[PDB]
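A structural walkthrough
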Amino acid sequence: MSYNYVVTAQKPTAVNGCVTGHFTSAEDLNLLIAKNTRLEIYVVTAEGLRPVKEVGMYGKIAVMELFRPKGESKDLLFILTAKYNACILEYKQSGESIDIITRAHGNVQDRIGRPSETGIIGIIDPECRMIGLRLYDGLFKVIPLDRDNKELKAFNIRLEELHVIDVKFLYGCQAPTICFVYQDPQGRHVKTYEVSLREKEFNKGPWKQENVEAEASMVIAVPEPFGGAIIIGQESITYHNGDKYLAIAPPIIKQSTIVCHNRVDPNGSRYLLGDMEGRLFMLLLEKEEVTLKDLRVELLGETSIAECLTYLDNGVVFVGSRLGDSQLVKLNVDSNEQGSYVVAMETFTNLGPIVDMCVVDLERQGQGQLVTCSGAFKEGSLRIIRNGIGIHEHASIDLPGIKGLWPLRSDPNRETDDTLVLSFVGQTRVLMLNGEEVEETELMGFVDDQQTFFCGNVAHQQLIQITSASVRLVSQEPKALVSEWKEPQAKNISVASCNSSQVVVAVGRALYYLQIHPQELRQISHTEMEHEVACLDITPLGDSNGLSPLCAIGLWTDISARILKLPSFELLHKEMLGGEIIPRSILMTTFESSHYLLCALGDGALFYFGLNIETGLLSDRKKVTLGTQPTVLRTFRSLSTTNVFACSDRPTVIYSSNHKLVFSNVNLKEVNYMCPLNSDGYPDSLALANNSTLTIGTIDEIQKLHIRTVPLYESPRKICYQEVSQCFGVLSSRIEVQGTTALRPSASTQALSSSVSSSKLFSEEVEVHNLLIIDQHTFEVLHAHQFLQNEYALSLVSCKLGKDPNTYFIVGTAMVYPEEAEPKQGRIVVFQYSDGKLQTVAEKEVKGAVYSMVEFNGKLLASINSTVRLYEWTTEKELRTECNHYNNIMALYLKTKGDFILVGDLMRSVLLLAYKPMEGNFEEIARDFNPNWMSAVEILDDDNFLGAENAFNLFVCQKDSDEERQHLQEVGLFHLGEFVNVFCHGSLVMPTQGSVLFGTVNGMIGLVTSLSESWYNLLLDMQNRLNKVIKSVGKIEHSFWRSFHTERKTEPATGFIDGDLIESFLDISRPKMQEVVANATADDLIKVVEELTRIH
Amino acid sequence: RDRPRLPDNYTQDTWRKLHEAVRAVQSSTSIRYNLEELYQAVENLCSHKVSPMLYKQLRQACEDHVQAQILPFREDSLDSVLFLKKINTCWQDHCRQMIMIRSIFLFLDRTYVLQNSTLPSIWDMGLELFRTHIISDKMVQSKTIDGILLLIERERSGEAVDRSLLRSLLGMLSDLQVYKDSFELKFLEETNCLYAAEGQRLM
């Protein structure tokens, strides 16, 4: 038996369904958003959305609709799960406590039935007399509501039409009357039936069947004033009320199909219509005195590709997208001078369809960092995910363009710095920051007329302020300046540096040493360098006498973070760096062990060193790239030790854990400057400035995933990391219409350089495919190689083959022509990225689609249509076949560990292949003979094979222990509820064995890891206890939810622990824990579950 | 608390400083800042909405410097000994001043150009300017190709000419797409005919 622990690293982000109504209260306007298993309840405030409750369903929310039965105060919620768990939910808030009580529930899955093509429809009678569910072909399930059930007893009415596209309940009808579009051989027609709950059968509808457009796919029930329905097809919008037949063919809706709609008004005079391109239309019903006069369609603008859209109020429209980020837009009354009325207010991150992903230890830390091909046609993008630190934004004040922050103890007695200084362009503005209050009040001795490069508290009970003109040492208690020094030529200081005792300030190409004496400023040392100063640091660290011994310098035109002996300004060391960019900050600090130096260039590169106190010679040069903006480094002292902060586009805390330098991310957008502050009202806090305002807060141990977004504007398909070249190779796909024309500027069309495939092998709208080389620091498209006409790039591996040392981008393609169902032609192209160009090093015409390539022990293992063959890289640099394997329907997925090859098939599901090198051929070791349609596969151990079937299930196969030894044994079964597109070894963090991430279509990132037998037994026990204690929203059983489910099989879960349910063991009060832990003590299990949460 | 400042002088001294710093670093005119004060000036007196017209400012100034480079290179001499040296030296001059203005306008990169991909880089704008006005669209193009065919062909018969000159010229070629668009062809075809004559001769 296998022992696996599944947990959610990132909850699903794709909005599969959204409704609005009065759910939390009769006066609240709620936005209920269904992300695959999460129901998110918001309150529609005058601005944005205020989250109120987020619950986890034990089901994929297939249907989600609000209805108000007679007498009810506020809307009840009907949810149907993909496994057909129906429930009616009511929201009951008792002060602080919030509950979602199940007013009714059931399971409406018919034992048998052909699940309808178009998918689970759930409608509710506008008068709440029944819930109509179309789940299967030829049947229409009715759940009465007037018969107030608690079990949702439902009955089928046999529907004489077997291919129903869409169906709605009509308005203003004495009987529940459905209107549906169905497809028969004679075309598509719209028909109506009246539902008799007493006779439990249909009756003749109000207006007979009508022959409608060929591609009619949408029915819109129109409220009572008009009644009738509006059927949207590809080329027409037609309105039916029984005798009235309005019909329009707005040319603007011909370009794309309309897939979602929403009624803006209560009276249906306006509808939103979202298309698969992301356009947003407004469908207007002009009334005449009431009947309907005419239909109009107007293009409001563009949004994200909407799966569902809901109109909230005051022009605010929530565009819920499965393919891109969900949106909160505004509809302006007037156009934007670009023809668009849509204006995005807010964007909700959606790791869209994660079609591929890789774990790269970027920034050369010990931390993994996901890079995912997220999104689709217009919403495609690369998302970079990492675990990141967060703080609270307590004290904000919006002063544009800060260029300075320093902590000052204006109260001389206290060692707390109760005053904050800021320089902006040419002056200094101070802040009292008294208490939590913040206002600008002036402390004597500092000038409001000059920029300030530095100020702070210094020894002898003195303050110091270094300006663009000259230095000012104020005596704190008595009065203003009694010591001033200025440059003899009165040249503005170009670079400064200072500590509590001494001062070091650069004047162009020469440097000046001053030291503080009480009510005096004494100059001692001077030097004339080759070129201008770039940055300094003189900080005394482990001082123990009163003065730092050493200094560091960066110079122009001789780029080098050099070292100086302080009393003499002499060269202790001179270490070059390279590049034409001046270093902009340099610092030395201690991390638990000794003095380090941290010098960075303007593009986020950063070198850490081991600095000696005697020689101060720079060695142990190693580099890390952090951000793209020039950087600055200021320390804050924590409880424990010095914790250096880096301020740029990606603010990063810098620190050492267990004598190992860590480069943590901070989850804030941008920080210009930082300074520690420990006020009476603020302990150990930070003071973080951006271009707009001064943000203030502390440091939080808890880590929140940080998601970067790189808009590609075209569907990414694959991604691999070539470390030697510092780039990502991404297979992208863009849709061109006409020869052809790009509908929008994609990332491929906007690369630095470009190329097109000129191959001698092969001689509406089309898909063009490119290979994008993307910089792994700036995530800019270094290069975009377009592939042949009608060539689909499917697979992409980065590797080095044979014995040559070059690392190659290897793309396996197929030639796609509409005249055929499976490509007959394709090729394996070998690229090399070097000198900013992508040369074609080799080619190989294969006779099928290359669905997958894995580098396999120095050799290329490709899977052409049904054959798995192994290629070798010859000294001539061409691919030469070594062995083939044919016993496959479609080798879609390939994995590797040693000599073993795991093949995920289109529908034979897994095959354990071995390359016996002694012979030079494959051997079918084991096979799983169950018909599972794979979506992805992975190798967990030498003998455990994770799989994902397209029915949202995970199974683990195991080579058993005669010819029954060629049978893989499915020892693990688990219903994930998500469609896995990719597995990958790795972890997002610095008890469990191994760690496999997976990315899904909904945007979930999960984590599978191996447990030991003892811990698995314990956790299974607690799983049962929590099931006995924790109560699910729709009263769904966890075991039923996690039971392996297929249309021709259903088994209980086994060998898999829902890490979500276990980790829920922390969010329950102590008495409930004791209920869990009846038969070791609780604190033991709290420790266990904490340690379990440590993995993600 | 804290009455606001005035940004008026900040904006208007700026443009003149931009074009004199351009005027400084181009032609190697000397600077009274040691460039770090100028970098800080770029950093401070460039902000939101400042940078794009600032880019216009600087790129027209450097653009007219590039087009001032034109005139000694529209010529009737046919040295490939010396004219290509002049091209190479102009290339080096261009290189050092474009790297050095980036040593000033790296704030521009790490704010809008490295941090938004909407523009040719300073690299890219500089290369397009140099190419368009000195290398491409000229008799120089044909003359430099002919001359380097001479140099290599002379160096294909015995003698070494200047490994540095051939290396630097080929660098200019390949980076300006002038060794990968259509000027590989003159190289290869002269190789074809010459080496054919060589092979069937000493055969």
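Header annotation of the entry names cryo-EM as the structure determination method and lists the resolution as 3 Å.

**Comments concerning the overall build of chain A**
A count of helical and extended segments in chain A gives 5 helices and 87 strands. For 1096 residues, the compact-globule formula gives about 31 Å, and the C-alpha radius of gyration of chain A, at 33 Å, lands near that figure. Dimensions of chain A, computed from C-alpha atoms along their principal axes, come out at roughly 105 × 80 × 70 Å.

**Some points on the overall build of chain B**
Helix and strand content of chain B: 9 helices and 0 strands. When the helices and strands of chain B are listed from N to C terminus, the series reads α-α-α-α-α-α-α-α-α. Relative to the 2.2 N^0.38 estimate, which gives 17 Å for 203 residues, the radius of gyration of chain B is 22 Å and therefore markedly larger than a compact globule would have. Structurally, chain B occupies a C-alpha span of about 95 × 30 × 25 Å along its principal axes.

**What about the interface of chain A and chain B?**
Residue-level contacts link 6 residues of chain A with 7 residues of chain B. Among the residues making up the side of chain A that touches chain B, the classes are represented as no nonpolar, 2 polar and 4 charged.

**Concerning the sheet that holds strand β7 (residues 76-81) of chain A**
Residues and elements named next belong to chain A. In spatial order, the strands read β6-β7-β8-β9; together these 4 strands make up an open sheet with antiparallel pairing. Of all the strands in the sheet, the pair left with one neighbour each is β6 (61-67) and β9 (97-107). If you compare each strand with its neighbour and ignore which way they point, the axes differ by 25° on average. Two strands pair when backbone bridges link them, and strand β8 (residues 85-94) and β9 are joined in this way by 10 bridges, in the antiparallel orientation. Each bridged residue has a counterpart across the sheet, and for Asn85 the counterpart in β9 is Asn107.

**Some words on the pattern of salt bridges**
Residues and elements named next belong to chain A. As a salt-bridge pair, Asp137 and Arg114 come within 3.0 Å of each other at their nearest N and O atoms. Of this pair, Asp137 sits in the loop between β11 (130-134) and β12 (139-144) while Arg114 is found in the loop between β9 and β10 (121-124), placing the two residues 23 residues apart along the sequence. Each member of the salt-bridge network shares a partner with another, and the members are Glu72, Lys74, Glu90 and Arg103.

**Some remarks on the pairing of strand β54 (residues 652-657) of chain A**
Residue and element names in this part refer to chain A. Two strands pair when backbone bridges link them, and strand β53 (residues 642-646) and β54 are joined in this way by 3 bridges, in the antiparallel orientation. Of the residues in β54, the one forming a bridge with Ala646 is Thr652. Between the end of β53 and the start of β54, which pair antiparallel, lie 5 residues. In this sheet, strand β55 (residues 660-666) lies alongside β54 in antiparallel orientation, the contact comprising 6 bridges. Bridge assignment links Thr652 to a residue of β55, and that residue is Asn665.

**Let's talk about the packing of aromatic side chains**
All names here are of chain A. Between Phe318 and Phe348, the ring centres sit 5.9 Å apart and the planes meet at 45°, which makes this aromatic pair tilted. Linking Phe318 in strand β28 (residues 316-320) with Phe348 in strand β30 (residues 342-348), this pair joins segments that are 30 residues apart in sequence. A ring pair is formed by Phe728 and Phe779, whose centres lie 5.4 Å apart and whose planes are at 15°; its orientation type is stacked. Linked through ring pairs, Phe140, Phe180, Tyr182, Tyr193 and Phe202 together constitute an aromatic cluster. The ring of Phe952 has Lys60 sitting right over it, with the charged end atom 4.1 Å from the ring centre.

**Observations regarding unusual backbone geometry**
Negative phi is the rule for most residues except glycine; trans is the rule for most peptide bonds. All names here are of chain A. Of note, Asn314 is a non-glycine position whose phi angle comes to about 55°, a positive value. Secondary-structure assignment places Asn314 in the loop between β27 (308-313) and β28. The backbone of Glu363 sits at a positive phi, close to 65°, despite the residue not being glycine. With respect to the secondary-structure elements, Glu363 resides in the loop between β31 (356-359) and β32 (370-374).

**A look at the sheet that holds strand β57 (residues 685-689) of chain A**
Residue and element names in this part refer to chain A. In spatial order, the strands read β56-β57-β58; together these 3 strands make up an open sheet with antiparallel pairing. Edge positions in the sheet fall to β56 (674-677) and β58 (694-697), since each has one partner strand and no second. Strand-to-strand twist in this sheet, taken as the mean axis angle between neighbours without regard to direction, amounts to 20°. As defined by bridge partners, β57 adjoins β58 across 4 bridges and the pair is classed as antiparallel. Looking at the pairing, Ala687 lines up with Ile696 of β58.

**A word on the packing of helix α1 (residues 1013-1029) of chain A against helix α5 (residues 1082-1093) of chain A**
Residues and elements named next belong to chain A. At a minimum axis separation of 12 Å, α1 and α5 run at an interaxial angle of 110°. Taken together, the axes of α1 and α5 are roughly perpendicular relative to one another. Facing α1, whose interface residues are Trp1015, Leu1018, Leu1019 and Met1022, α5 presents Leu1085, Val1088, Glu1091 and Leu1092. Across the contact of α1 with α5, the residue classes tally to 7 nonpolar, no polar and 1 charged.

**Looking at the environment of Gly138 of chain A**
Residues and elements named next belong to chain A. Note on placement: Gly138 falls in the loop between β11 and β12. When the C-alpha atoms of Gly138 and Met282 are compared, they prove to be 34 Å apart, with 144 residues separating the residues in sequence. Not counting residues up to four positions away in its chain, the partners in contact with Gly138 are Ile157, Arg158, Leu159, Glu161 and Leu162.

**With respect to the pairing of strand β71 (residues 859-864) of chain A**
Regular strands place their side chains on alternate faces of the sheet. Residues and elements named next belong to chain A. Note: strand β70 (residues 852-856) against β71, 5 bridges, orientation antiparallel. Along β71, the bridge assignment pairs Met853 with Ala862. Connecting β70 to the next strand, β71, in antiparallel fashion are 2 residues, including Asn857 with a positive phi near 60°. Note that β71 and strand β72 (residues 867-873) share 5 bridges and pair antiparallel. What sits directly across from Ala862, in β72, is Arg869.

**What about the environment of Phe180 of chain A?**
All names here are of chain A. In this structure, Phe180 sits in strand β15 (residues 177-184). With 40 residues separating them along the chain, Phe180 and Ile220 place their C-alpha atoms 9.8 Å apart. Apart from residues lying up to four places away in sequence, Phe180 is in contact with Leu159, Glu161, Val164, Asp166, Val167, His189, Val190, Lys191, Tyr193 and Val219.

What counts, and at which threshold
- Residue labels used throughout are counted from 1 along each chain in written sequence order rather than taken from the entry, whose numbering may differ, and residues without coordinates are not included.
- Both sets of labels track the order of writing: A upward for chains, 1 upward for ligands.
- The displayed chains are a subset of a larger assembly; all values refer to this subset.
- Excluded from the side-chain calculation are hydrogens and water; included are all heavy atoms of the structure.
- Residues with missing side-chain atoms are left out of burial classes, side-chain pairs and their counts.
- Helix and strand assignments come from DSSP, with helices taken as H or I runs of at least 4 residues and strands as E runs of at least 2, each series counted from the N terminus.
- It is over C-alpha atoms that the radius of gyration is taken, and the globule rule equals 2.2 Å times the number of residues to the power 0.38.
- Pairs of residues are marked as contacts when any of their non-hydrogen atoms sit within 4.5 Å.
- In this count, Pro and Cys sit with the nonpolar residues alongside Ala, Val, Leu, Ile, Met, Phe, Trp and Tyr, while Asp, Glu, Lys and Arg are called charged and the others, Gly among them, polar.
- Two strands qualify as a pair provided DSSP detects at least 2 bridges between them.
- Helix axes are fitted to C-alpha atoms over the stretch in contact, other axes to C-alpha atoms as well, and angles between N-to-C directions run from 0 to 180 degrees.
- In what follows, salt bridge is the name for a side-chain nitrogen of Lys or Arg lying within 4 Å of a carboxyl oxygen of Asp or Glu.
- By convention, a stacked pair of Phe, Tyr or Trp rings (six-membered ring in the case of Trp) has centres within 6.5 Å and planes under 30 degrees apart, an edge-to-face pair has planes over 60 apart, and any other such pair is tilted.
- Comment: the charge-over-ring label is applied if NZ (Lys) or CZ (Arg) is within 6 Å of the ring centre and within 35 degrees of the ring normal.
- Roughly parallel means an angle under 35 degrees; roughly antiparallel means over 145; roughly perpendicular covers 65 to 115; every other angle is labelled oblique.

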